[PDB]
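Order of the sequence lines fixes the chain letters, A, B, ..., with proteins taken first and strands second; residue numbering starts at 1 for each chain. Heavy-atom basis, side chains included; hydrogens, waters and symmetry copies ignored.
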Amino acid sequence: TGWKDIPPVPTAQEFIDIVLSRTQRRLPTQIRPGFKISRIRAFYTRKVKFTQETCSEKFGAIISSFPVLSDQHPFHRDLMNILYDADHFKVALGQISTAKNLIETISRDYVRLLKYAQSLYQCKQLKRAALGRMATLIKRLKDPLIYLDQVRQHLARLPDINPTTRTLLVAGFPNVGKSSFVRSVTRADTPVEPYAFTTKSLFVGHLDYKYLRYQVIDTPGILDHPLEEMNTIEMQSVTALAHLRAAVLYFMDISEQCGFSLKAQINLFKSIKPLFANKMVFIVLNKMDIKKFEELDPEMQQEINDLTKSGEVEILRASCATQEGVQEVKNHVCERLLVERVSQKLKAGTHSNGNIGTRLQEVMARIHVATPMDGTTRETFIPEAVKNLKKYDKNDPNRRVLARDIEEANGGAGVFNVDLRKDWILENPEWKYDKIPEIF
Amino acid sequence: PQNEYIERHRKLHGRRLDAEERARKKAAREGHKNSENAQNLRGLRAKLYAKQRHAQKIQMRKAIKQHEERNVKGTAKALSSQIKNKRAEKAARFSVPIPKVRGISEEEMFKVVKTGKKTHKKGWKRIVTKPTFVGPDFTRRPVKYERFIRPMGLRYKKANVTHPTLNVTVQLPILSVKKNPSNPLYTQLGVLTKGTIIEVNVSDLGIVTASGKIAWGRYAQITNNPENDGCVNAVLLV
Amino acid sequence: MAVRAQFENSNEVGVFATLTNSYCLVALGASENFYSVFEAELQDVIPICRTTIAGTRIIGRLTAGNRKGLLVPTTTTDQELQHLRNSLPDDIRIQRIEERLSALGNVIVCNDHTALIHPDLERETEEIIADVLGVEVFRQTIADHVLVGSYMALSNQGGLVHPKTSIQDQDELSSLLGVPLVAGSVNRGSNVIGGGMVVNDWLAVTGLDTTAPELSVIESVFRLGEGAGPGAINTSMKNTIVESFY
Amino acid sequence: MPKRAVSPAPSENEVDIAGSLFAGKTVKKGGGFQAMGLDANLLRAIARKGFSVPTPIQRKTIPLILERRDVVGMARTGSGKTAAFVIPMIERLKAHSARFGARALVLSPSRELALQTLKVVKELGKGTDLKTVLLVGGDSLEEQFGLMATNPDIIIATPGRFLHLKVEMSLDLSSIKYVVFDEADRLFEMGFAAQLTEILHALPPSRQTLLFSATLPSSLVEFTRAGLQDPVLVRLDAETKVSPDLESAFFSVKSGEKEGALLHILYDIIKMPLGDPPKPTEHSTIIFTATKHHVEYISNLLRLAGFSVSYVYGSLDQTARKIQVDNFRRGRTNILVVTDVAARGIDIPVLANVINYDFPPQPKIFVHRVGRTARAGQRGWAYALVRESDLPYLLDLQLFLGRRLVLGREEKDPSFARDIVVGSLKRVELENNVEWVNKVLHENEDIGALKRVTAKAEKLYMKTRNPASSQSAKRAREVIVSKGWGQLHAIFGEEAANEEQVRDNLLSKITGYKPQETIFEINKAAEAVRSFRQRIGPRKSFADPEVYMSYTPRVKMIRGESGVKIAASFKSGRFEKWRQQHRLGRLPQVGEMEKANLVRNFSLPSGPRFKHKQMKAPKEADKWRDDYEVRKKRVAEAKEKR
Amino acid sequence: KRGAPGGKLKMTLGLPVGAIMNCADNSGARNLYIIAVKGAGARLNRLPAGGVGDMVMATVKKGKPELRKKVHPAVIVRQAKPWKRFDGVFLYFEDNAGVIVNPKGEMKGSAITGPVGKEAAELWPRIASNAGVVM
RNA sequence: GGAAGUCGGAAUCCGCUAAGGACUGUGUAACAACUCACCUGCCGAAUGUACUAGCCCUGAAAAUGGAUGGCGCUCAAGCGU
RNA sequence: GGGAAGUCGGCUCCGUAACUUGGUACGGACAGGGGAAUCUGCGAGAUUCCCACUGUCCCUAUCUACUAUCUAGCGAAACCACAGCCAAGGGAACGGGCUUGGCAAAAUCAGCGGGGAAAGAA
RNA sequence: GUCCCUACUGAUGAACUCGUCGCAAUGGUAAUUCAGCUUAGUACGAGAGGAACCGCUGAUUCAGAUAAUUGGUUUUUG
Ligand SMILES: Nc1nc2c(ncn2[C@@H]2O[C@H](COP(=O)(O)OP(=O)(O)OP(=O)(O)O)[C@@H](O)[C@H]2O)c(=O)[nH]1
């Protein structure tokens with residue numbers, strides 16, 4: 001569902017201040033030398049144990065709130081590795097855990113020392129020593145706290161990508177129209193600017209196609225390099241293109257108005273097809289209104305066609321400024337994804353044994369419509385006023401009055417008093433609002 | 001929202017229409033606020049505030065002096081890391097299964113012999129309430145000292161030993177107790193008090209002697225109050 | 001037309017409403033949002049009566065009727081009965097019935113030609129229903145659920161039945177009635193169709209939690225909105241139903 | 001309130017075989033009961049019941065008992081423990097004794113165990129005059145007085161009830177010569193340990209003692225060492241010896257994909273048919289889990305999936321337990337989900353598939369659960385799901401079994417029966433099943449609540465489970481570092497491997513990417529991050545085979561019936577009050593002849609014991625009441641009956 | 001979200017904490033054992049109690065072993081102790097009875113045996129739908 | 001990838017000078033833009049940095065209602081001579 | 001008597017026929033009672049509910065014992081330096097009388113839950 | 001091995017002729033938390049989700065009363 005529920009991670013000074021303020025403010029702080037040595041020992045031992053407990057809770061809360069990278073989906077694990085340097089992330093969490101254990105050991109040692117203390121001064125010195133040691137360990141855990149707070153904030157701002165749903169991954173070089181298409185098909189605010197790398201992260205939008213919800217992932221943008229010197233941005237791009245089963249929309253600009261050569265575009269597509277091993281690939285040609293496909297030399301034209309003549313990569317054309325083919329390309333890709341998913345669900349339901357699954361039986365029952373055997377229908381008593389009516393809209397000047405508007409004018413929801421006799425259809429209209437006798 | 005959305009909102013719509021003026025006036029009012037805080041708030045909070053202000057003023061004065069000088073103008077960690085890395089190598093890749101056990105404590109022994117002996121003489125148990133060093137675990141003490149009980153919670157085995165000339169502090173095991181300058185009974189019992197000579201294993205330091213050998217034991221003086229501080233601190237006499 | 005609405009904050013519109021082809025009954029409470037959505041969908045074509053039965057807001061699950069008649073339990077007071085009589089035209093016959101199963105909206109489903117009842121109703125109640133509603137009365141258990149009024153919603157165009165009803169029983173019910181039937185759910189997986197939806201020949205009101213695929217099933221089977229057609233479920237919406245309710 | 005009120009009902013099943021540190025005119029060795037020379041009436045008792053061939057438990061224990069040696073027996077349920085110690089009952093007693101006193105005592109944890117013991121006792125003592133009694137809570141305590149006066153020679157009892165009656169009687173147990181603790185493992189699990197210890201103190205030193213169990217917890221081992229005289233410990237043949245006909249596979253899967261992996265292993269590998277099946281079935285799969293909440297969640301999820309599922313957990317209603325085990329033994333179900341202790345309790349048929357959903361803490365527990373199957377030479381499959389946290393336990397298992405451990409596809413044809421093979425599942429339909437699990441959890445609220453409860457239980461088990469060894473942890477770290485952890489498992493096909501090592505190479509190249517700088521570097525926070533990254537930056541056969549010394553081998557409080565803590569010796573005097581009602585004389589002292597008058601007064605009913613016994617007179621008839629005359633007649637008849 | 005009903009008027013409470021009642025639905029449970037009530041106010045030495053329409057937590061004392069496994073929520077339907085309805089009518093039922101419901105307010109069973117409390121039917125729409133007699 | 005003084009490492013010079021840092025902050029994706037350092041004009045006479053000494057505020061307090069003895073006292077009815 | 005708490009509680013034999021004295025097949029019987037109710041016309045009458053154990057707790061019931069305001073009459077004893085309102089202060093863990101303050105109005109009745117009692121120290 | 005004064009809480013009261021109607025120094029002092037409806041599926045949000053001010057209606061605890069009704073109680077010994 002997200003990672004916005006991770007509690008804020010304090011700095012070292014804030015951590016020390018919180019722990020010490022709690023240990024002084026939630027406990028009594030007046031012991032006298034004239035009290036029993038056992039009572040003095042109990043007082044100081046209680047102070048040492050409280051400080052440690054507050055610490056272990058806040059350390060355990062930190063350790064348990066942050067996601068564990070192993071148990072996440074491969075996409076999430078790889079994206080977190082790209083974004084936060086997973087190894088150093090784990091090192092920081094391990095330091096938090098080791099500090100927790102060391103503070104626990106300090107508490108046990110000083111509790112035994114307070115057990116065998118003999119004076120109020122000695123007990124005071126032992127308590128001060130234990131508290132100062134804990135503060136020293138936190139002051140050591142200064143920097144990991146800063147790093148973890150930054151990771152927590154970034155994680156709370158990260159988008160929600162469900163790895164296994166109906167997904168449309170729009171990818172390609174910068175300056176091609178990826179974000180333009182994303183805002184055309186979804187209401188996600190993806191920055192659109194004339195420069196090169198305006199999209200510095202993965203963006204998520206959503207759409208509805210034949211009563212189904214579809215995810216659309218805008219990738220930042222990939223350059224034509226071998227995969228070993230790619231930046232973290234295009235590494236997020238390739239991670240999304242690698243671990244997300246979906247329909248890939250690879251965008252190209254036939255016009256060189258993007259700033260990269262067509263030959264390099266086909267080269268990168270060939271390079272990242274092994275990424276696109278089975279996920280369904282549609283090549284979208286954009287800025288046709290700047291230069292359509294026909295206005296191109298035929299060696300490039302046959303190069304594109306030879307790209308088509310392999311697997312099931314499909315060519316479509318569109319323009320994200322005139323809004324010409326965006327609806328058609330969306331419709332086509334969503335329809336093909338839907339039919340593929342329905343076919344694979346049917347094959348999964350039809351097992352080798354031949355026994356029809358319970359859920360497939362249920363869906364067959366839900367799609368089956370039963371009709372009378374005789375084939376005769378029933379008479380329908382729909383009046384004529386309904387087809388003589390006008391559909392209600394909240395924006396028409398001379399609309400219908402409506403009881404909401406009447407009560408809002410004559411008070412509110414708890415103040416308007418309804419006349420239950422206003423619709424009484426009697427013989428004489430003046431007999432309304434009459435007190436009908438009940439007892440005589 | 002899914003990215004730096006507050007930054008996007010800033011770029012698209014701006015700030016509140018008087019935020020710059022409010023921030024400037026608050027920053028200008030900060031001086032009176034600081035004086036009011038110094039003169040009004042009271043009780044451990046004023047103490048923390050005063051300590052913080054002292055630290056800030058010292059840092060600012062140091063920065064000013066260093067900047068004036070620079071505008072006019074036109075190892076112990078290493079030895080400790082070497083020692084720790086050697087220890088990690090040995091303990092990680094020369095550690096082999098060995099029958100590793102320990103004897104029972106003098107408290108357990110005393111409880112057992114007390115179950116054996118009904119009539120408890122009043123005060124027959126005196127507990128040594130000072131930190132001690134023992135060495136072995138299941139030792140039988142002479143009848144001279146058999147009733148001195150030294151608890152596990154008070155026993156110490158390692159000390160933070162500082163080499164002055166090779167300026168570095170390392171954690172080293174304690175080999176023996178040579179002289180407690182307060183009591184011969186304490187130096188017999190291994191009581192660790194302030195200014196107490198102990199024998200420390202200095203093998204990890206790699207100190208070269210005159211003949212060319214590595215020192216395996218030196219004298220170190222305990223220079224803290226281990227009864228008040230839950231640690232033993234020694235300075236090496238070299 | 002199919003519209004999504006909530007009574008107060010509840011998605012069960014069938015509990016608080018009773019829609020027929022000549023009148024609508026609306027539970028009375030606090031605001032006028034529920035009455036107002038019903039009125040905006042029925043702009044004085046048929047009367048709408050703000051009514052209470054036995055001092056309750058469950059009028060939808062307590063009353064059963066069609067355009068020819070209305071039946072209310074014996075617990076209904078004379079004042080509420082007189083309110084209903086004054087509010088409704090004389091072409092609709094209203095009666096109180098002395099049935100032990102006073103949950104009339106739970107024990108009776110009736111279109112304008114047939115009624116299907118809880119098997120344990122009394123004989124006298126059976127002739128009373130057949131006379132006032134002017135329908136052929138049959139006793140049947142829908143999906144082994146004995147409360148047909150809660151687990152099926154019916155109109156003269158079609159009828160939507162409990163999601164876990166067998167195909168044989170669905171076919172038998174379709175033959176016995178004369179309208180298409182489909183096994184579907186309302187309010188995002190709820191089985192209480194009658195309590196979660198009121199439907200007449202040209203209007204349906206469901207809860208706000210009704211999903212888009214199942215709202216399209218409702219519009220299709222009850223022929224609400226342009227072409228509709230029970231058959232479109234089997235032709236144009238299969239992919240949707242299979243992908244959504246797998 | 002009772003959401004984990006006291007504890008998870010199945011806690012753990014600890015076992016320790018280090019309890020074995022306790023120590024032609026001449027028919028030749030026919031292994032017969034007559035060959036061990038039982039008396040004629042006993043032999044005809046066997047001839048009627050129909051146990052023709054002795055079970056190994058009987059063959060190994062009966063002669064030692066006849067030699068009168070203290071016995072500690074290890075067997076799984078259904079082996080024949082109850083007959084194995086009840087044949088010596090009558091074989092030793094041979095007759096009823098007129099002298100007052102009991103001679104045989106059997107202690108059973110629960111009433112149903114006492115009842116099964118009672119039937120084995122009666123249909124073996126058919127013919128003899130021995131008196132056998134049953135003492136459990138809930139029975140009429142006055143009837144228990146009456147039976148104690150009736151003087152049984154054999155007493156089968158629940159320890160708490162027996163303790164209460166002994167304290168109420170001041171019984172002289174010196175006449176008892178035989179003591180049996182039947183399932184002392186469950187005795188200690190239920191916590192009767194103090195009661196058992198003080199009962200053992202009450203019994204005289206001169207007795208012969210048997211203790212029968214499936215496992216040997218450390219507490220049981222200490223109890224036997226403290227209370228048994230030179231105990232001989234017997235095993236039922238080979239539980240430790242893993243069957244060579246067992247082929248095992250281990251699947252590295254994540255916590256968020258456990259359910260998907262289980263659905264995958266059922267659907268694709270085991271090829272499980274769905275629906276009610278048309279003596280086990282052909283598929284016969286058991287699923288061993290950790291917690292009762294895990295059992296609930298998995299059983300409900302599989303039932304939603306459509307599988308024929310039976311569940312047995314620790315604190316299950318006994319009638320439901322019988323129903324589920326009956327379905328499993330008769331083949332009405334194919335899935336049987338148990339944690340550990342329900343499986344220990346129930347008698348499991350021969351199985352074809354064993355699935356370990358939660359990896360065992362002990363290799364010994366693993367060996368037990370896998371020796372459950374692949375018996376009598378039949379082939380068996382054992383699939384186990386392993387996480388990164390369960391990996392050190394897997395390596396401990398590898399060391400225990402002495403098997404070579406292969407990762408992914410390091411070998412073209414690894415031996416599933418001789419090697420420990422670890423691999424990954426097929427990602428495509430694994431993700432399909434994971435999506436199914438996510439959808440069903442998001443749709444159904446009850447299963448979502450079950451998932452939350454079992455997640456909390458899993459956290460508790462992780463906190464309270466016995467950790468592994470340091471070397472196992474280090475080897476877990478190194479194998480996680482190694483490539484074989486993430487590779488596809490061997491059972492899925494070499495062609496599948498072809499596509500896998502075709503595609504995964506640059507997927508591995510993505511996974512093993514080291515960023516040059518984080519997003520925060522792309523302020524004081526940035527400076528701290530940079531400094532900390534800079535700090536963490538990477539750091540720059542000669543053995544005589546014959547005689548080389550190796551480092552490795554080769555007032556006390558007791559819980560009463562009311563549940564409130566009660567003093568161990570609390571004579572409420574209700575036995576005094578008992579003979580005050582019954583006007584009886586002094587009870588027969590141990591050794592005197594039985595009193596036939598006392599037996600006739602309190603011996604037994606005429607057979608079946610009917611629970612309902614409540615006689616009230618009817619209410620007084622009212623003239624205005626309809627049935628006045630008949631109610632008056634009924635009242636008069638009740639008055640005559642008195 | 002705590003299962004505290006809204007808008008409920010005062011009635012005399014008839015089922016306290018630690019109280020055995022019948023189960024009115026076909027879920028397989030026979031009796032319920034109220035251990036806790038929702039919306040209770042903790043005052044010293046008072047045992048909390050619930051009236052018709054209040055959500056409670058109960059353990060199935062006898063019935064289906066699947067249900068005899070966990071503490072289930074339940075809305076109590078019938079109350080033997082008399083109470084007053086605002087029409088001035090003091091009334092009571094033959095026994096004390098409730099139905100298993102999820103925290104949202106949806107029943108595990110599919111039918112209710114016996115009549116339903118009017119307050120419970122008004123407060124929980126699902127009970128009103130699965131009820132056959134309402135008084 | 002982009003880094004133009006201002007995400008980062010190191011040097012940190014010269015001209016024009018009245019003076020202007022290979023830059024002290026705001027800012028841009030990178031610029032641009034503003035501002036500071038420094039300089040000039042108007043203004044006009046004393047300022048400003050650190051310390052020291054008095055008096056004053058803070059520099060820690062629990063728990064019946066109370067105590068410079070009490071009232072009360074402020075160019076004292078307080079402090080120094 | 002009722003409520004509550006905990007529980008692991010609720011829901012084969014006789015005769016007959018062959019076989020070696022005992023088993024084998026066949027035929028028949030077995031595997032409840034009590035109380036409280038509801039429904040159809042006492043009715044094979046039909047349907048619903050409750051039956052447990054406990055060295056646990058509480059309440060109701062019975063018995064035992066002490067339990068009592070005023071009036072007429074009769075009529076003690078214990079105990080008694082003198083007294084009796086508080087807060088702060090009164091160096092000796094000391095206040096009841098002293099300092100300086102709060103205050104403070106005859107004579108009584110009843111209730112009573114505070115004070116007018118306590119250490120001695122290794 | 002050491003029934004009395006007073007505090008508090010209520011009730012009477014002499015003298016100022018009896019009485020009726022008042023004033024108010026001083027002392028005490030009281031309400032509390034939650035929920036539901038509307039706002040509103042609104043603002044906000046890619047999605048999942050999702051408030052608040054005014055207005056309205058109930059409930060917990062606390063406090064002070066009251067007995068029309070509804071239980072309980074019976075020496076009405078009816
Ligand atoms: N005329 C025209 N310009 C287009 C079209 N699509 C995109 N652009 C231009 O492309 C630039 C924006 O690119 P985006 O739409 O954000 O696409 P992107 O691939 O994310 O590219 P970057 O902005 O470089 O990250 C602007 O200059 C747009 O005007 C199109 O169909 N027609």
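- One finds a salt bridge joining D:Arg186 and D:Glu183 here, because a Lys/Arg side-chain nitrogen approaches an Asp/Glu carboxylate oxygen to under 4.0 Å.
- Side-chain proximity of D:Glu123 to the nucleotides G:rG55, G:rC8, G:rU12 is greatest for G:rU12.
- In this structure, H:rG45 forms no base pair with H:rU39 under the Watson-Crick or G-U wobble definition at 3.5 Å.
- A Watson-Crick or G-U wobble pair links H:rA31 with H:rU61, both defining distances under 3.5 Å.
- In this structure G:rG45 is not paired with G:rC11, as neither the Watson-Crick nor the G-U wobble definition is met at both distances under 3.5 Å.
- Close to H:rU38, at under 4.0 Å from its OP1 or OP2, lies a side-chain N or O of C:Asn9.
- D:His612 contributes no side-chain N or O that forms a donor-acceptor pair with the base of G:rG33 under 3.5 Å.
- Phosphate proximity of H:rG47 to A:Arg187: present, with a side-chain N or O under 4.0 Å from OP1 or OP2.
- Of the candidate nucleotides H:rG55, G:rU54, H:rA46, H:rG55 has the atom lying nearest to any side-chain atom of A:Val415.
- The base of G:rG9 is paired with the side chain of E:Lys61 by a donor and an acceptor separated by under 3.5 Å.
- For the pair D:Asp139 and A:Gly34, both in contact range of RNA chain G, the more 5′-proximal nearest nucleotide belongs to D:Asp139.
- When the nearest nucleotides of RNA chain H are assigned to A:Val204 and C:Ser31 by heavy-atom distance, the more 5′-ward of the two goes with C:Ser31.
- With a glycosidic angle more than 90° from 0, F:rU28 adopts the anti conformation.
- Applying the 90° cutoff around 0 to the glycosidic angle, G:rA17 is assigned anti.
- At the heavy-atom level, E:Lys8 lies under 4.0 Å from the strands shown only through sugar-phosphate atoms.
- For D:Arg530 against F:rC7, a side-chain N or O and a base N or O form a donor-acceptor pair under 3.5 Å.
- Side chain of A:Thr190 to backbone of A:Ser179: a donor-acceptor contact under 3.5 angstrom is found.
- Comparing G:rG55, G:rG10, H:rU70 by their closest approach to the side chain of E:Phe90 singles out H:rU70.
- In plain terms, the two heavy atoms of A:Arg183 and A:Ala188 that are nearest each other are CG-O, 4.1 Å.
- Among the nucleotides F:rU28, G:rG55, F:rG1, the one closest to any side-chain atom of A:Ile233 is F:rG1.
- Within 4.0 Å of E:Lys10, counting heavy atoms only, lie sugar-phosphate atoms of the nucleic acid but no base atom.
- A syn orientation is assigned to H:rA67, its glycosidic angle lying within 90° of 0.
- Here H:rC8 is not matched with H:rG72 as a Watson-Crick or G-U wobble partner, both contacts being required under 3.5 Å.
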Would D:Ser110 and D:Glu112 satisfy side-chain hydrogen bond (donor to acceptor under 3.5 Å, both in side chains), going step by step from the backbone distance to the final call?
CA-CA 6 Å; D:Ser110 85; D:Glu112 49 279 46; 3.0 Å; yes

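- Listed candidates were H:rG45, G:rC11, F:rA29. Nearest to the side chain of B:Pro1 is H:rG45.
- Between G:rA29 and G:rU12 there is a base pair of the Watson-Crick or G-U wobble kind, both of its two distances falling under 3.5 Å.
- With both hydrogen-bonding distances under 3.5 Å required, F:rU74 and F:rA61 do not qualify as a Watson-Crick or G-U wobble pair.
- Residue-level contact check: D:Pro608 touches neither bases nor backbone, having no heavy atom under 4.0 Å from any strand.
- In this structure, D:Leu113 reaches neither bases nor backbone, as no heavy-atom distance under 4.0 Å exists between it and the strands shown.
- Nearest to the side-chain atoms of D:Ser110 among the listed nucleotides G:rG55, G:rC8, G:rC11 stands G:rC8.
- Side-chain proximity of A:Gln24 to the nucleotides H:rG47, G:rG35, F:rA60 is greatest for F:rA60.
- Note that the NE2 atom of A:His206 and the OG1 atom of A:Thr165 stand 7.0 Å from one another [nearest 0.5 Å].
- Heavy atoms of B:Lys11 sit under 4.0 angstrom from primed sugar atoms or phosphate atoms, though from no base atom.
- One finds a side-chain N or O of A:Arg404 lying less than 4.0 angstrom from the OP1 or OP2 phosphate oxygen of H:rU39.
- Applying the 3.5 Å cutoff to both bonds, H:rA67 and G:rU67 do not register as a Watson-Crick or G-U wobble pair.
- No canonical Watson-Crick or G-U wobble pair links H:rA11 to H:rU20 with each of its two hydrogen-bond distances shorter than 3.5 Å.
- Looking at heavy-atom distances under 4.0 Å, D:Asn523 makes no contact with the nucleic acid at all.
- Glycosidic conformation, G:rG114: anti, with the torsion outside 90° of 0.
- Within 4.0 Å (heavy atoms only), D:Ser569 reaches no atom of the nucleic acid at all.
- Anti is the glycosidic conformation of G:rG10, whose angle departs from 0 by more than 90°.
- Picking from G:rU54, F:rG59, F:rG27 the nucleotide with the shortest atom distance to the side chain of B:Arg10 gives F:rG27.
- Shown here for A:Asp208 and A:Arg213, the closest heavy-atom pair between the two residues is OD1-NE, 3.0 Å.
- Looking at E:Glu119 and E:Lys8, no side-chain N of the basic residue comes within less than 4.0 Å of a carboxylate O on the acidic one, giving no salt bridge.
- Entry note: F:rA67 and G:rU38 fail the pairing test, Watson-Crick or G-U wobble at under 3.5 angstrom for both distances.
- Taking every side-chain heavy atom of B:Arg61 into account, F:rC51 is the closest of G:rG35, F:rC51, G:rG23.
- Under the 3.5 Å cutoff applied to both distances, H:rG13 and H:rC18 fail to qualify as a Watson-Crick or G-U wobble pair.
- With its ring centre under 5.5 Å from that of the base six-membered ring and a plane angle below 30°, A:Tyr195 counts as stacked on F:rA29.
- Using a 4.0 Å heavy-atom distance criterion, C:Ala30 is classed as a sugar-phosphate-only contact.
- Each of A:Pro159 and E:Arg43 was matched to the nucleotide of RNA chain H holding its nearest heavy atom; the match closer to the 5' end belongs to A:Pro159.
- Heavy-atom nearest nucleotides on RNA chain G were determined for D:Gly160 and for D:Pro618, and the one closer to the 5' end corresponds to D:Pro618.
- E:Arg85 comes within 4.0 angstrom of nothing in the nucleic acid, heavy atoms only.
- Regarding contacts with the backbone of G:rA37, a side-chain N or O of D:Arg625 is found under 4.0 angstrom from either OP1 or OP2.
- Rounded to the nearest Å, the gap between the P atom of H:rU26 and that of H:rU60 is 40 Å.
- A donor and an acceptor atom never sit less than 3.5 Å apart when one is taken from the side chain of D:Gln614 and the other from the base of G:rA36.
- Nucleic acid contact class of D:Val136 (heavy atoms, under 4.0 Å, all strands): none.
- The residue D:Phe192 sits close to a base: some heavy atom pair falls under 4.0 Å.
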